[PDB]
Amino acid sequence: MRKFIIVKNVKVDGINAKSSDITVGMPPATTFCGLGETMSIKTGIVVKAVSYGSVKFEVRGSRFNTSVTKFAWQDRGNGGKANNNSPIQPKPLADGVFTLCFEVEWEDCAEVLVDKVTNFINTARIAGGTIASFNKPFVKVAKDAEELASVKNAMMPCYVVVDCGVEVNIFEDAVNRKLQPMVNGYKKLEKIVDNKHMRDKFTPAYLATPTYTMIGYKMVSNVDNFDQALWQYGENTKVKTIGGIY
Amino acid sequence: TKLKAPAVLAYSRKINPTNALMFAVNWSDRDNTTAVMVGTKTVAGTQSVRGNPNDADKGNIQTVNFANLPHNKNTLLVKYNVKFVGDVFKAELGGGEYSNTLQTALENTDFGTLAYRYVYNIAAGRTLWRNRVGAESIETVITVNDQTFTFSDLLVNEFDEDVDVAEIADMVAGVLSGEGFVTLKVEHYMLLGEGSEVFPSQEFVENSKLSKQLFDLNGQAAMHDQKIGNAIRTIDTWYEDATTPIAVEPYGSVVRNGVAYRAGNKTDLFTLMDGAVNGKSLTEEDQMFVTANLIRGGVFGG
Amino acid sequence: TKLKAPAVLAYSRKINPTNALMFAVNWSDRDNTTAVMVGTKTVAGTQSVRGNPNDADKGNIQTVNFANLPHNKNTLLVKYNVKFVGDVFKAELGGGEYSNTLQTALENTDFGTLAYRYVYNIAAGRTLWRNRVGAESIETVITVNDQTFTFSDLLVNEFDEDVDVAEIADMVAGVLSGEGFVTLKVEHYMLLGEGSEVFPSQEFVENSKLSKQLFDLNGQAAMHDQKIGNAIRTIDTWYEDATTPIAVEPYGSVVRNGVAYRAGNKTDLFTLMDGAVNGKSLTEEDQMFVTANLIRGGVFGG
Amino acid sequence: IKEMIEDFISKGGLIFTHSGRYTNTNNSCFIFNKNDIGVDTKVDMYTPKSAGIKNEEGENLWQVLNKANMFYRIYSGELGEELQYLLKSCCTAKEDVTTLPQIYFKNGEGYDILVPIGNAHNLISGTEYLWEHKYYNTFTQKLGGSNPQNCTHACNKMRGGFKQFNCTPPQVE
DNA sequence: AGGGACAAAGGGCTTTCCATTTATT
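And the structure:
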């Protein structure tokens with residue numbers, strides 16, 4: 001029996017929006033499925049799926065030009081040049097209010113699960129941001145598709161992300177079908193042989209490149225089956241929808 | 002010993018502020034929290050730039066943004082949160098032994114002074130910078146762990162002792178020494194006048210329409226969070242020929258003025274952090290400076 | 002010797018006026034304030050250009066804005082507030098080596114002569130610029146820190162000597178010679194006549210359906226705040242062949258006449274500022290010219 | 002074009018289709034892929050200080066090598082082995098990990114630390130396609146700073162900046 | 001037993017190369 005926990009109106013401030021070199025905007029789904037794995041390591045709750053909405057989102061800067069963050073001198077041997085500003089490398093920022101929904105199995109009491117979620121939300125960061133204000137989570141139980149509608153409509157103000165699939169490539173599909181991409185996995189290229197600069201020293205390392213797909217932002221109360229609004233790992237270094245391609 | 006630094010060290014940010022908001026209220030009734038929206042005006046002036054005296058008879062048309070208080074209210078309200086997170090000695094990258102021999106050599110510092118100055122920068126209203134200048138009477142309200150405090154007037158420049166700040170400082174220093182977090186919600190009330198000008202943060206943008214752009218969330222004026230985090234880290238009074246407190250930087254650099262104070266005389270971070278590892282005993286102030294840099298965080302390349 | 006100015010220098014405003022408001026009251030009843038709202042009318046006159054004499058028979062149609070006093074009231078009321086901020090020598094952008102050695106050369110200037118004229122431009126009624134023409138009697142009321150002063154008739158082109166302007170100038174010069182701020186509240190009453198025309202500030206618009214758009218705050222006729230501040234600093238009578246006062250500006254240029262009075266004859270700000278740093282002795286009358294430019298603000302960088 | 006090929010190989014002279022100089026300038030990590038080169042795949046090239054040589058028209062090696070699919074024409078070997086061997090000796094691997102993001106990923110019963118790097122074909126194809134096909138929801142961003150002569154020849158030749166997709170979602174009123 | 005030589009690793013300063021094609025709402 002599956003259980004759901006829903007956090008509403010999570011204010012995140014200072015999200016670095018550069019998901020890839022050609023996409024600047026919402027953070028992709030891989031961030032939100034990495035967040036569930038982070039919760040599984042830190043707390044102990046096993047999470048197999050994650051859905052997410054977007055109440056508000058705004059990339060700071062003007063319309064066609066994003067703003068640049070200032071840089072400070074943070075390197076050994078930069079004493080001579082320290083009085084002058086800095087070299088500047090690109091990274092944009094964005095501000096938004098999100099809604100999160102997990103899919104856990106707990107098989108225990110429901111009055112300690114909310115406390116275990118709340119002990120984690122005060123610590124973690126949503127894509128390098130700062131969590132300012134969030135509502136208290138609540139536990140939802142669904143059995144079949146008729147009882148699943150409850151957990152779907154629970155989070156009413158929302159804009160969930162559903163899969164759409166690629167026809168030939170992202171450029172022609174974006175021009176013709178009017179869709180905007182999202183990275184949903186990475187393809188590895190060459191193994192790093194010297195692991196004295198990694199942060200694990202034991203895990204094998206690979207150089208990788210992003211691989212894209214196309215998405216659609218949809219009203220959550222206008223989705224037939226809720227399983228097309230979920231995301232999970234599984235495939236070769238890739239994430240995918242539970243309910244297939246919408 | 003004779004051990005050298007790794008290529009990259011990385012420490013997270015232990016002091017997390019949020020972006021503040023701006024409201025217009027009254028000194029009597031502080032409940033009508035009306036938002037302060039950002040407008041757009043066009044202004045006709047003269048050029049008057051250095052040199053180019055040939056073009057000193059023409060005018061230049063400039064489009065800017067502005068944010069003023071309405072003529073019915075005379076009080077500015079600033080709201081934000083500040084979170085202090087402990088465990089300041091755990092490394093993110095390049096840990097090894099370099100971090101352990103520094104942790105065991107910096108476990109006898111003075112966290113009380115650092116916590117007191119970190120709270121007193123919030124308490125004195127140093128996070129305002131143009132909003133503080135011109136205001137008649139400021140009033141700060143701090144809500145930490147269902148114990149509400151209120152301050153009246155402090156001196157920004159000098160760290161004067163008082164019994165109100167010491168309780169919150171002792172609460173913060175217990176978090177920064179052990180493990181855990183503490184969040185405090187800060188509100189600032191400023192008495193300016195009917196129809197005065199408030200000052201949000203200005204963008205580093207290349208827009209072709211506006212000469213000046215202000216930061217806003219859904220139209221309402223606001224300040225950047227990384228802008229606000231600079232005032233908390235203004236505790237550095239231990240550099241050579243110290244006159245005014247500066248921000249905590251590894252080289253002690255103020256690029257706005259164009260000078261670097263701490264760098265160039267074997268007093269910066271990358272000399273003291275090697276001397277502390279290699280057995281040399283430090284003074285009470287440059288033991289605090291390194292720890293203040295760790296609380297600030299950052300990466301450190303080779 | 003011969004130190005160059007830094008590439009980034011910036012000076013903030015030291016005089017902060019607010020955007021004025023217009024009301025309609027009677028002359029013998031100073032409390033029945035009503036708003037002067039802005040309306041729109043359509044006019045059907047003829048057209049005439051210094052070209053196209055062939056089209057001197059087609060009446061063009063224009064859509065303009067207007068604002069007038071009602072027919073039961075005959076006195077226009079203008080309300081605003083002026084703030085004077087001290088510490089006029091501290092640079093925002095740019096550090097020392099230049100501003101610090103300019104402060105020690107501009108230390109002994111005559112702040113009384115500047116602070117007399119800055120208040121005399123408010124007391125005489127130069128801050129109106131079109132409502133002054135065609136007025137039987139003007140009356141200005143200035144309120145500062147629970148003290149009220151009333152001025153009836155003052156010459157505008159001549160800086161006369163009296164006993165009540167000097168009571169405010171000694172307060173303003175104390176702020177401008179030190180630190181702090183002071184607030185003046187100014188109300189102007191002019192007796193124009195019933196049904197007369199009032200003159201707000203126009204607005205810069207791009208290809209609007211209106212041929213003339215006036216400034217408005219919630220539908221009430223107002224004046225621009227940077228238009229108010231231009232009348233205050235019209236104190237400059239020290240250029241070559243001086244006849245009438247002009248605004249304080251680094252080239253002394255007015256865009257209406259199309260001429261720069263101070264530029265082109267080694268008399269402008271940037272030539273005078275560089276000479277005073279290097280050790281040359283300034284004249285007793287242009288020391289107040291350079292000091293008035295730091296109160297105005299701007300960009301002085303290479 | 003042998004007189005320009007030997008001049009480029011007398012310099013540093015690397016040819017890649019996947020690098021990390023598009024993320025951080027201080028990277029110097031270059032990857033050439035064998036399974037991705039096709040009939041329209043455009044590659045990039047790096048030398049110190051972006052030093053080049055003209056061909057009495059105003060074109061360097063990068064402007065020649067991308068026009069009319071010349072890189073595949075030397076690469077497939079239809080211009081002989083005189084230039085194909087020199088082209089194959091040009092594109093080598095250069096592996097660096099500093100100043101790059103390192104994230105974990107969940108593989109089958111274990112984790113995998115991996116480093117995302119940039120794609121050279123995607124940037125150039127994206128800018129040169131969206132402009133001609135009139136797509137006006139983009140971010141124009143130039144990289145390299147005041148001296149773009151430090152990252153790539155493609156940085157230097159087109160200073161107008163690459164185009165990035167806007168991915169701002171709609172919001173609840 | 002200890003200054004002096006033998007040669008390295010950081011570090012300031014000084015070059016150095018180097019060029020597009022702007023609409024969008």
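Protein chains in written order, with the UniProt record's numbering: chain A, 1 to 246; chain B, 2 to 303; chain C, 2 to 303; chain D, 2 to 174.
Beta carbons: idealized from backbone N, C-alpha and C, even for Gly.
Partner residues on chain D for residue i, Cβ-Cβ distance less than 8 Å
i, result
"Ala-36 of chain B", "Chain D residues near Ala-36 of chain B: none, gap ~16 Å exceeds 8 Å."
"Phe-64 of chain A", "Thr-139, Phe-140, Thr-141"
Span of the beta strand (DSSP E), counted from its first residue to its last, around residue i
i, result
"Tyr-117 of chain B", "No beta strand (DSSP E) contains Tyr-117 of chain B, which is instead part of the alpha helix (DSSP H) from 112-124."
"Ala-205 of chain A", "205-218"
"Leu-66 of chain D", "Element bounds for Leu-66 of chain D: not the beta strand (DSSP E) but the alpha helix (DSSP H), 62-67."
"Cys-101 of chain A", "93-104"
"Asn-17 of chain B", "16-18"
"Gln-228 of chain A", "That residue, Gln-228 of chain A, is in no beta strand (DSSP E); it is neither H nor E in DSSP."
"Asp-13 of chain A", "3-16"
"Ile-114 of chain D", "111-117"
"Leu-107 of chain C", "Per DSSP, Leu-107 of chain C belongs to no beta strand (DSSP E) and is neither H nor E."
"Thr-76 of chain B", "76-86"
"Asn-66 of chain B", "60-67"
"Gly-40 of chain B", "40-47"
"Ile-143 of chain C", "139-144"
Residue i vs residue j beta-carbon contact at 7 Å
i, j, result
"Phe-200 of chain B", "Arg-257 of chain B", "no"
"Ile-233 of chain B", "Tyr-121 of chain B", "no"
"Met-198 of chain A", "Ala-205 of chain A", "yes"
"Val-79 of chain B", "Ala-21 of chain B", "yes"
"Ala-68 of chain B", "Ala-222 of chain B", "yes"
"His-154 of chain D", "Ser-11 of chain D", "no"
"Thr-42 of chain D", "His-134 of chain D", "no"
"residue 1 of chain D", "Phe-33 of chain D", "Residue 1 of chain D is absent from the structure shown; chain D starts at 2 and stops at 174."
"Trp-231 of chain A", "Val-50 of chain A", "yes"
Minimum C-alpha distance to residue i - residue among the options
i, options, result
"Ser-178 of chain C", "C:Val-37, C:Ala-293, C:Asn-53", "C:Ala-293"
"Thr-123 of chain A", "A:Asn-16, A:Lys-42, A:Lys-178", "A:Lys-42"
"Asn-157 of chain D", "D:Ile-16, D:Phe-31, D:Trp-63", "D:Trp-63"
"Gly-44 of chain A", "A:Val-117, A:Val-166, A:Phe-171, A:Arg-125", "A:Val-117"
"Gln-104 of chain C", "C:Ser-13, C:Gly-302, C:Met-274", "C:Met-274"
"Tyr-217 of chain A", "A:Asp-13, A:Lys-48, A:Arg-2, A:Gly-53", "A:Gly-53"
Start-to-end residues for the alpha helix (DSSP H) that takes in residue i
i, result
"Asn-119 of chain A", "113-121"
"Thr-31 of chain A", "29-42"
"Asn-123 of chain D", "121-131"
"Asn-294 of chain B", "285-297"
"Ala-170 of chain C", "166-177"
"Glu-83 of chain D", "82-89"
Under 9 Å from the C-beta of residue i: neighbouring residues of chain B
i, result
"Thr-99 of chain D", "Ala-8, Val-9, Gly-302, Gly-303"
Interface partners of residue i on chain B, CB under 7 Å
i, result
"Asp-13 of chain A", "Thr-19, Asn-20, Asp-226"
Under 8 Å from the C-beta of residue i: neighbouring residues of chain A
i, result
"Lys-107 of chain D", "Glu-37, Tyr-233"
"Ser-126 of chain D", "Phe-171"
Residue i: contacting residues in chain D (beta-carbon distance under 9 Å)
i, result
"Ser-54 of chain A", "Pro-170, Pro-171, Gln-172, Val-173"
Contact list for residue i against chain C, beta-carbon separation under 7 Å
i, result
"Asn-33 of chain B", "The premise fails here: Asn-33 of chain B is roughly 17 Å from chain C at the closest Cβ pair, so nothing lies under 7 Å."
"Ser-202 of chain B", "What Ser-202 of chain B touches in chain C: nothing, since even the nearest Cβ is about 15 Å away."
Under 9 Å from the C-beta of residue i: neighbouring residues of chain C
i, result
"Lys-59 of chain B", "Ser-254, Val-256, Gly-259"
"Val-44 of chain B", "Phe-205, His-225, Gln-227"
Partners in chain A for residue i, counting only beta-carbon separations shorter than 7 Å
i, result
"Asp-113 of chain D", "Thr-203, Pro-204, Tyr-206"
Contact set between residue i and chain B, taken where Cβ atoms lie within less than 8 Å
i, result
"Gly-299 of chain C", "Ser-49"
"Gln-74 of chain A", "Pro-251, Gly-299, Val-300, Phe-301, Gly-302"
Partner residues on chain D for residue i, Cβ-Cβ distance less than 7 Å
i, result
"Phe-57 of chain A", "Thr-169, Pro-170, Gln-172"
Q | Inside the region 182-252 of chain C only - beta strand (DSSP E) runs reaching at least 3 residues | A | 182-192
Q | Length-filtered (4 minimum) alpha helix (DSSP H) runs lying within the region 134-206 of chain A | A | 145-154, 170-177
Q.
To test your reading of the DSSP string, which unbroken beta strand (DSSP E) runs of 3 or more residues are found completely within the region 16-60 of chain D?
A. 45-47
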